[PDB]
Protein chains: 4
Amino acid sequence: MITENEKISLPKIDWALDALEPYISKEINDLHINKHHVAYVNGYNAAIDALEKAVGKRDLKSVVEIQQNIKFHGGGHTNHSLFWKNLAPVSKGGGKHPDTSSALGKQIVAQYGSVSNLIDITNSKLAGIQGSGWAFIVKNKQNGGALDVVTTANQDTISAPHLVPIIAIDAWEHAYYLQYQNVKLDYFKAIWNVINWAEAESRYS
Amino acid sequence: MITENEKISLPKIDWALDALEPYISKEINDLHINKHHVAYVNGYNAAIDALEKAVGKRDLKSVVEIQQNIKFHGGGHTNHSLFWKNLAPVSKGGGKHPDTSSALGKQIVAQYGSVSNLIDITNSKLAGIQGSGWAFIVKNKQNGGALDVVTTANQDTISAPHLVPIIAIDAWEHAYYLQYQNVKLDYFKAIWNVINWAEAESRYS
Amino acid sequence: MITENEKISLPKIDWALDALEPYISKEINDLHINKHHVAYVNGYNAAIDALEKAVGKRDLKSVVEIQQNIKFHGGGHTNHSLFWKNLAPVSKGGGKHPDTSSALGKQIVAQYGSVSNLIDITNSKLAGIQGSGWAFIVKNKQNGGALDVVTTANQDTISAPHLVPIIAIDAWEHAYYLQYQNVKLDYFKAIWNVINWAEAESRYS
Amino acid sequence: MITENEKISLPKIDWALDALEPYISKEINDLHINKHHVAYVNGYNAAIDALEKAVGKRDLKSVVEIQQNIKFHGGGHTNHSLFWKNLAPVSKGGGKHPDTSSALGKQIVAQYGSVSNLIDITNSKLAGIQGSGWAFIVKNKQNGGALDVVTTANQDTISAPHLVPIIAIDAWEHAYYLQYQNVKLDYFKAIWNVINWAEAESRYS
Ligand SMILES: [Mn+2]
Ligand SMILES: [Mn+2]
Ligand SMILES: [Mn+2]
Ligand SMILES: [Mn+2]
């Protein structure tokens, strides 16, 4: 029994399916959003509906079973929503580095010395992921807004109340396979050319 | 916003806190039910209440965070509820083996040859558990009601719609530490002297 | 310090890269074996070499870190080795069902009633997998050689001494994406047309 | 085939079994070291011996199975070794806070404002742990030696080459049950009265 202000939907994306070429093919973006993300949107909504029913009648065997789907689709929708938002065509700023005069920029130089180095780290983490997963540049609000590079598995997302996702990078094969196939190393590097750091600076404050 | 027919409570136990001695001390049973299980009952109820709120306003970061607690307390309540139900004083049948003429009994002799052997297996699994967890004798309804011995971690419980828990055995230290301390091997053996197989036969049908 | 009889290598495959069309494209088989499996072969070998070094000098921080890679590449090599072996061109028997007069065949009809039904189950499990993973039809030797359908995550493999993998099915996107993309449901169905049941019957004894 | 410089042993502890009272009973310390830690020491050694054998003959099914035990006992030995080292009798400094003039001290005030607050955080994390696990105050060397409070499950330990454990706190029930039973909240608070911050400052450099 999912209600109006409970259900989610696919977000409006601020760029064209081909606006990220030649770094990300429109064939991927098409399938990824409209195919993969749509599946998560449907999954979360159906999972919530299934809960009001199972919970509504004290069936914990089902309640516990449905939990997984909610973590998966709910985290999937969240991750991809973050993903599109920190992506932009080179035209609209994509690939433009954080300002040496911005809060986020100064923080990267203090902890990592340069945005360049932070990328080598994030890329190493991404290449490290075994199976499906994500990489994040997170801000920890409980230890003085310190930045860190964290890796989640599958659809898991930054859910800790004190953690705030700054940049999300998809490591699922579906994200890069049609264009890069096995060579995920090329995809990890290339994607920085379309990363919307303006959104990162926005999230940092 | 947890409602009446949604919230759970502590189940009525069919034996006295000392009725399982000298296999399980009343000091343990007291703390375990009234202390550990009570904590799970409170946890599940608060977790559900927290959902109607987070879900009610499309806050997936919280929705995903709360998921874990629901799996934990909800699975904890379920496991312990199963646990008390397959425990009984030697007086009330505890420790009495499955009938060689019952469905469950015949199934144990077909797959394991004897209840004796099934116990050595279950005990080996229990001793195998690293950290907190449970052991189960489950009936798989999708492959001809075949029995199997499975091990879950922490509060995880048999949630698969086709799987049916026949016997639950707690492997958490809290279950046996006050009386057996480190020697979990003694606890695993001794507990069979108070296992209510009558409840197992009940669950098998 | 990995030695001769310790190191692994890519197995000789008994069919041509295109012998499984139009169910599995040669473009996939090429990349999968020669690209994905090769990566696992290299991974396991390097992981073992790294151990003799870390273990050789009581560096448990590294020893524990290397453990993961050994589970991953070692399990990856094992899974794919099983995968090729239970695949065959329709010509060489691929897609031919288990004999109603064979041990494995009779076991499928006893537990599942028909090979047909066992496939619907395995397909449901495969579709259930969240993220990367595998599906297996396993024989449990400790409960009377009973068959069951189990799902592992990532490169995890059937390692339990009492469990024996009968059929392995890859659920990683890399296995089916180039040809089926998102529609994994089509891949799961189609792959049965090239499953080598003769190898399954071989493994069952 | 475990060799001399490969095998581990129980470390020499710098305090008496009762030197931590009334915060940690000697009954616990006895059982914990000599009972729990000893079990891990034996586990790691046997696990390594079992590897030289399985690996020595390309049996990956066993190699992958043994991996888990090595992660568990190897991580268990590491965690407890860290644990004793950051524990001390109030006499020998236990409970004495980090110097406002030391590197570690200044870092705690910059990120957390006070050691007091860092403890409330660590305690919240510890209380958050579901099942068996540990809590750590770690120094990340790849982002400017920033401090963070992390929680591992079971015997998992800080293995990341860039992470350095500063303080380890055991969250297993065996650590506090005999004296505090269920009330882990009391144990988490009380243990700070015997935490050896001098060792933390040592690890920070
Ligand atoms: Mn994706
Ligand atoms: Mn319990
Ligand atoms: Mn594969
Ligand atoms: Mn311990």
# chains A, B, ... in the order shown; residues from 1 in each chain; ligands from 1
call {"tool": "residues_near_ligand", "arguments": {"ligand": "ligand 2", "cutoff": "12 Å", "atoms": "only C-alpha atoms and all ligand atoms", "output": "PyMOL selection string"}}
result
(chain B and resi 28-40+72-73+75-84+132-135+153-156+168-177) or (chain D and resi 131+173+182)
call {"tool": "residues_around", "arguments": {"residues": "region 44-56 of chain B", "least_positions_apart": "3", "cutoff": "6 Å", "atoms": "only C-alpha atoms", "output": "list in words"}}
result
residues 6 of chain A; 1, 2, 7, 41, 59, 63, 70, 73 and 74 of chain B
call {"tool": "select_by_dssp", "arguments": {"residues": "region 30-203 of chain D", "states": "helix (DSSP H, G or I)", "output": "PyMOL selection string"}}
result
chain D and resi 30-57+60-85+90-92+103-111+115-128+173-180+184-194+197-203
call {"tool": "residues_around", "arguments": {"residues": "residue 144 (chain D)", "least_positions_apart": "5", "cutoff": "8 Å", "atoms": "only C-alpha atoms", "output": "PyMOL selection string"}}
result
chain A and resi 110-112
call {"tool": "write_last_selection", "arguments": {"atoms": "C-alpha atoms", "output": "compact mmCIF listing (two decimals), in the first residue's frame"}}
result
# COMPACT_ATOMS: atom_id res chain seq x y z
CA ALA A 110 45.32 19.69 2.27
CA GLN A 111 44.58 15.96 2.46
CA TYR A 112 45.72 14.79 -0.98
call {"tool": "select_by_dssp", "arguments": {"residues": "chain B", "states": "strand (DSSP E or B)", "output": "NGL selection string"}}
result
:B and (87 or 133-140 or 146-153 or 163-170 or 195)
call {"tool": "residues_around", "arguments": {"residues": "residue 97 (chain D)", "least_positions_apart": "2", "cutoff": "7 Å", "atoms": "only C-alpha atoms", "output": "PDB file with N, CA and C atoms, in the first residue's frame"}}
result
ATOM      1  N   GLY D  95      44.079   4.932  31.186  1.00  0.00           N
ATOM      2  CA  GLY D  95      43.034   5.912  31.415  1.00  0.00           C
ATOM      3  C   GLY D  95      43.524   7.339  31.303  1.00  0.00           C
ATOM      4  N   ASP D  99      48.078  13.775  25.287  1.00  0.00           N
ATOM      5  CA  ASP D  99      48.601  15.096  25.609  1.00  0.00           C
ATOM      6  C   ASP D  99      48.113  16.147  24.622  1.00  0.00           C
ATOM      7  N   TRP D 197      46.688   5.134  26.190  1.00  0.00           N
ATOM      8  CA  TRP D 197      46.842   6.140  25.142  1.00  0.00           C
ATOM      9  C   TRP D 197      48.301   6.338  24.745  1.00  0.00           C
TER      10      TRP D 197
END
call {"tool": "interface_residues", "arguments": {"of": "chain C", "to": "chain B", "cutoff": "12 Å", "atoms": "only C-alpha atoms", "output": "PyMOL selection string"}}
result
chain C and resi 107-115+117-118+120-122+125+128+137-150+160+162-163
call {"tool": "write_last_selection", "arguments": {"atoms": "N, CA and C atoms", "output": "short mmCIF file (atom, residue, chain, number, x, y, z; two decimals), in the first residue's frame"}}
result
data_model
loop_
_atom_site.label_atom_id
_atom_site.label_comp_id
_atom_site.auth_asym_id
_atom_site.auth_seq_id
_atom_site.Cartn_x
_atom_site.Cartn_y
_atom_site.Cartn_z
N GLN C 107 17.19 -38.56 -10.07
CA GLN C 107 17.24 -37.70 -8.90
C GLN C 107 16.51 -36.38 -9.13
N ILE C 108 16.55 -35.89 -10.36
CA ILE C 108 15.87 -34.65 -10.71
C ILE C 108 14.36 -34.84 -10.73
N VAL C 109 13.91 -36.02 -11.15
CA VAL C 109 12.49 -36.32 -11.22
C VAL C 109 11.91 -36.61 -9.84
N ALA C 110 12.75 -37.12 -8.94
CA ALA C 110 12.32 -37.41 -7.58
C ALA C 110 12.14 -36.12 -6.77
N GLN C 111 13.10 -35.22 -6.89
CA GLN C 111 13.08 -33.98 -6.12
C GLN C 111 12.32 -32.85 -6.81
N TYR C 112 12.42 -32.79 -8.13
CA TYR C 112 11.84 -31.68 -8.89
C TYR C 112 10.76 -32.13 -9.86
N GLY C 113 10.63 -33.43 -10.06
CA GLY C 113 9.61 -33.97 -10.94
C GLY C 113 10.01 -33.99 -12.40
N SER C 114 10.75 -32.97 -12.83
CA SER C 114 11.22 -32.89 -14.20
C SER C 114 12.39 -31.91 -14.32
N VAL C 115 13.26 -32.15 -15.30
CA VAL C 115 14.37 -31.25 -15.57
C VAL C 115 13.83 -29.87 -15.92
N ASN C 117 11.24 -28.28 -14.66
CA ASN C 117 10.97 -27.52 -13.44
C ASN C 117 12.24 -27.06 -12.74
N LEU C 118 13.26 -27.91 -12.75
CA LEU C 118 14.55 -27.58 -12.14
C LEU C 118 15.16 -26.34 -12.81
N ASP C 120 13.33 -23.80 -14.31
CA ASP C 120 12.55 -22.65 -13.87
C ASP C 120 13.03 -22.16 -12.51
N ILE C 121 13.40 -23.11 -11.65
CA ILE C 121 13.92 -22.79 -10.33
C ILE C 121 15.27 -22.10 -10.44
N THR C 122 16.20 -22.73 -11.16
CA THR C 122 17.53 -22.19 -11.34
C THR C 122 17.49 -20.81 -11.99
N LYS C 125 16.41 -18.23 -9.41
CA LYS C 125 17.54 -17.92 -8.55
C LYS C 125 18.50 -16.96 -9.25
N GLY C 128 17.36 -13.65 -9.40
CA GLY C 128 17.32 -13.12 -8.05
C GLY C 128 18.63 -12.49 -7.63
N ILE C 137 23.86 -26.04 -9.38
CA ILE C 137 23.08 -27.20 -9.00
C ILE C 137 24.04 -28.12 -8.27
N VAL C 138 23.90 -28.21 -6.95
CA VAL C 138 24.86 -28.94 -6.14
C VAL C 138 24.33 -30.26 -5.58
N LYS C 139 25.24 -31.20 -5.37
CA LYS C 139 24.92 -32.47 -4.74
C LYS C 139 25.51 -32.48 -3.33
N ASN C 140 24.64 -32.59 -2.33
CA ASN C 140 25.09 -32.67 -0.94
C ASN C 140 25.33 -34.11 -0.52
N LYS C 141 26.59 -34.46 -0.27
CA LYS C 141 26.96 -35.83 0.04
C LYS C 141 26.72 -36.23 1.49
N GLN C 142 26.42 -35.25 2.35
CA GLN C 142 26.23 -35.54 3.77
C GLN C 142 24.76 -35.79 4.13
N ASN C 143 23.85 -35.50 3.21
CA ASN C 143 22.44 -35.75 3.44
C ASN C 143 21.81 -36.66 2.38
N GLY C 144 22.60 -37.60 1.87
CA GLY C 144 22.11 -38.59 0.94
C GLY C 144 22.17 -38.17 -0.52
N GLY C 145 23.19 -37.39 -0.87
CA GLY C 145 23.38 -36.96 -2.25
C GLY C 145 22.19 -36.20 -2.82
N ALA C 146 21.54 -35.41 -1.98
CA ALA C 146 20.39 -34.62 -2.41
C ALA C 146 20.82 -33.42 -3.24
N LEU C 147 20.05 -33.13 -4.29
CA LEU C 147 20.33 -31.99 -5.16
C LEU C 147 19.72 -30.72 -4.60
N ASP C 148 20.37 -29.59 -4.86
CA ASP C 148 19.85 -28.29 -4.46
C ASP C 148 20.37 -27.20 -5.39
N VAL C 149 19.64 -26.09 -5.47
CA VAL C 149 20.05 -24.96 -6.30
C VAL C 149 20.53 -23.81 -5.42
N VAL C 150 21.83 -23.52 -5.50
CA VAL C 150 22.43 -22.51 -4.63
C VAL C 150 23.05 -21.35 -5.41
N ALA C 160 32.52 -26.15 0.18
CA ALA C 160 32.18 -27.12 1.22
C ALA C 160 32.54 -28.53 0.76
N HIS C 162 31.58 -31.36 1.49
CA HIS C 162 30.46 -32.27 1.30
C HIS C 162 29.58 -31.88 0.11
N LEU C 163 29.82 -30.69 -0.44
CA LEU C 163 29.07 -30.22 -1.60
C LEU C 163 29.85 -30.43 -2.90
#
call {"tool": "residues_around", "arguments": {"residues": "residue 18 (chain C)", "least_positions_apart": "6", "cutoff": "12 Å", "atoms": "only C-alpha atoms", "output": "PDB file with N, CA, C and O atoms, in the first residue's frame"}}
result
ATOM      1  N   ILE C  24      25.331 -18.040 -27.407  1.00  0.00           N
ATOM      2  CA  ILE C  24      26.404 -17.213 -26.871  1.00  0.00           C
ATOM      3  C   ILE C  24      27.340 -16.781 -27.995  1.00  0.00           C
ATOM      4  O   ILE C  24      27.964 -17.616 -28.651  1.00  0.00           O
ATOM      5  N   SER C  25      27.429 -15.475 -28.215  1.00  0.00           N
ATOM      6  CA  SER C  25      28.255 -14.937 -29.288  1.00  0.00           C
ATOM      7  C   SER C  25      29.728 -15.265 -29.074  1.00  0.00           C
ATOM      8  O   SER C  25      30.188 -15.385 -27.939  1.00  0.00           O
ATOM      9  N   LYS C  26      30.461 -15.414 -30.171  1.00  0.00           N
ATOM     10  CA  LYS C  26      31.892 -15.675 -30.101  1.00  0.00           C
ATOM     11  C   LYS C  26      32.629 -14.462 -29.547  1.00  0.00           C
ATOM     12  O   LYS C  26      33.724 -14.584 -29.003  1.00  0.00           O
ATOM     13  N   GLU C  27      32.017 -13.291 -29.691  1.00  0.00           N
ATOM     14  CA  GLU C  27      32.594 -12.057 -29.173  1.00  0.00           C
ATOM     15  C   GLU C  27      32.653 -12.103 -27.648  1.00  0.00           C
ATOM     16  O   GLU C  27      33.600 -11.609 -27.038  1.00  0.00           O
ATOM     17  N   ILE C  28      31.631 -12.701 -27.042  1.00  0.00           N
ATOM     18  CA  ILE C  28      31.600 -12.893 -25.596  1.00  0.00           C
ATOM     19  C   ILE C  28      32.609 -13.951 -25.161  1.00  0.00           C
ATOM     20  O   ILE C  28      33.486 -13.676 -24.345  1.00  0.00           O
ATOM     21  N   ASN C  29      32.486 -15.155 -25.712  1.00  0.00           N
ATOM     22  CA  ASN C  29      33.394 -16.243 -25.367  1.00  0.00           C
ATOM     23  C   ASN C  29      34.855 -15.835 -25.464  1.00  0.00           C
ATOM     24  O   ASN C  29      35.685 -16.262 -24.664  1.00  0.00           O
ATOM     25  N   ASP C  30      35.169 -15.007 -26.450  1.00  0.00           N
ATOM     26  CA  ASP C  30      36.542 -14.573 -26.656  1.00  0.00           C
ATOM     27  C   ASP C  30      37.034 -13.765 -25.459  1.00  0.00           C
ATOM     28  O   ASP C  30      38.094 -14.048 -24.902  1.00  0.00           O
ATOM     29  N   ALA C  88      28.539 -27.014 -24.137  1.00  0.00           N
ATOM     30  CA  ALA C  88      28.843 -27.750 -25.357  1.00  0.00           C
ATOM     31  C   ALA C  88      27.951 -27.301 -26.507  1.00  0.00           C
ATOM     32  O   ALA C  88      26.811 -26.889 -26.289  1.00  0.00           O
ATOM     33  N   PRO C  89      28.474 -27.372 -27.740  1.00  0.00           N
ATOM     34  CA  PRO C  89      27.673 -27.061 -28.926  1.00  0.00           C
ATOM     35  C   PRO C  89      26.512 -28.038 -29.039  1.00  0.00           C
ATOM     36  O   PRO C  89      26.684 -29.213 -28.718  1.00  0.00           O
ATOM     37  N   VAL C  90      25.352 -27.561 -29.478  1.00  0.00           N
ATOM     38  CA  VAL C  90      24.201 -28.433 -29.691  1.00  0.00           C
ATOM     39  C   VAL C  90      24.634 -29.691 -30.439  1.00  0.00           C
ATOM     40  O   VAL C  90      24.098 -30.778 -30.217  1.00  0.00           O
ATOM     41  N   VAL C 194      22.693 -24.988 -24.523  1.00  0.00           N
ATOM     42  CA  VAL C 194      24.086 -25.375 -24.724  1.00  0.00           C
ATOM     43  C   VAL C 194      24.713 -25.962 -23.462  1.00  0.00           C
ATOM     44  O   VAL C 194      25.927 -26.156 -23.395  1.00  0.00           O
TER      45      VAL C 194
END
call {"tool": "residues_around", "arguments": {"residues": "residue 187 (chain A)", "least_positions_apart": "4", "cutoff": "8 Å", "atoms": "only C-alpha atoms", "output": "ChimeraX atom specification"}}
result
/A:23,176,180,183,191
call {"tool": "write_last_selection", "arguments": {"atoms": "C-alpha atoms", "output": "compact mmCIF listing (two decimals), in the first residue's frame"}}
result
# COMPACT_ATOMS: atom_id res chain seq x y z
CA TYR A 23 33.86 9.21 -22.98
CA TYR A 176 31.22 0.63 -19.13
CA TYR A 180 35.31 -0.60 -22.91
CA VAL A 183 39.34 -2.79 -19.85
CA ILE A 191 35.14 9.23 -16.77
call {"tool": "atom_distance", "arguments": {"atom1": "CA of residue 127 (chain C)", "atom2": "CA of residue 9 (chain A)"}}
result
22.9 Å
call {"tool": "atom_distance", "arguments": {"atom1": "CA of residue 67 (chain D)", "atom2": "CA of residue 186 (chain B)"}}
result
26.9 Å
call {"tool": "decode", "arguments": {"residues": "region 167-192 of chain A", "atoms": "C-alpha atoms", "output": "PDB file, in the first residue's frame"}}
result
ATOM      1  CA  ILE A 167      31.217  12.167  -6.016  1.00  0.00           C
ATOM      2  CA  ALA A 168      29.741   8.822  -7.082  1.00  0.00           C
ATOM      3  CA  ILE A 169      31.343   6.535  -9.662  1.00  0.00           C
ATOM      4  CA  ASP A 170      29.613   3.434 -11.001  1.00  0.00           C
ATOM      5  CA  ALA A 171      31.775   0.304 -11.125  1.00  0.00           C
ATOM      6  CA  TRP A 172      29.141  -2.098 -12.457  1.00  0.00           C
ATOM      7  CA  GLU A 173      30.093  -3.644 -15.800  1.00  0.00           C
ATOM      8  CA  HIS A 174      26.855  -2.356 -17.319  1.00  0.00           C
ATOM      9  CA  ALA A 175      28.211   1.135 -16.812  1.00  0.00           C
ATOM     10  CA  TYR A 176      31.217   0.631 -19.125  1.00  0.00           C
ATOM     11  CA  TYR A 177      31.157  -2.777 -20.904  1.00  0.00           C
ATOM     12  CA  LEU A 178      29.597  -1.968 -24.306  1.00  0.00           C
ATOM     13  CA  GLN A 179      32.329   0.585 -24.951  1.00  0.00           C
ATOM     14  CA  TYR A 180      35.314  -0.602 -22.910  1.00  0.00           C
ATOM     15  CA  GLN A 181      34.461  -4.238 -22.302  1.00  0.00           C
ATOM     16  CA  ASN A 182      36.974  -5.766 -19.901  1.00  0.00           C
ATOM     17  CA  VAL A 183      39.344  -2.786 -19.852  1.00  0.00           C
ATOM     18  CA  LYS A 184      37.663  -1.101 -16.883  1.00  0.00           C
ATOM     19  CA  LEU A 185      40.970   0.691 -16.312  1.00  0.00           C
ATOM     20  CA  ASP A 186      40.281   2.874 -19.358  1.00  0.00           C
ATOM     21  CA  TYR A 187      36.733   3.645 -18.241  1.00  0.00           C
ATOM     22  CA  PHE A 188      37.854   4.689 -14.761  1.00  0.00           C
ATOM     23  CA  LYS A 189      40.361   7.169 -16.182  1.00  0.00           C
ATOM     24  CA  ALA A 190      38.166   8.524 -18.970  1.00  0.00           C
ATOM     25  CA  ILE A 191      35.143   9.234 -16.775  1.00  0.00           C
ATOM     26  CA  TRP A 192      36.924  12.084 -14.996  1.00  0.00           C
TER      27      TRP A 192
END
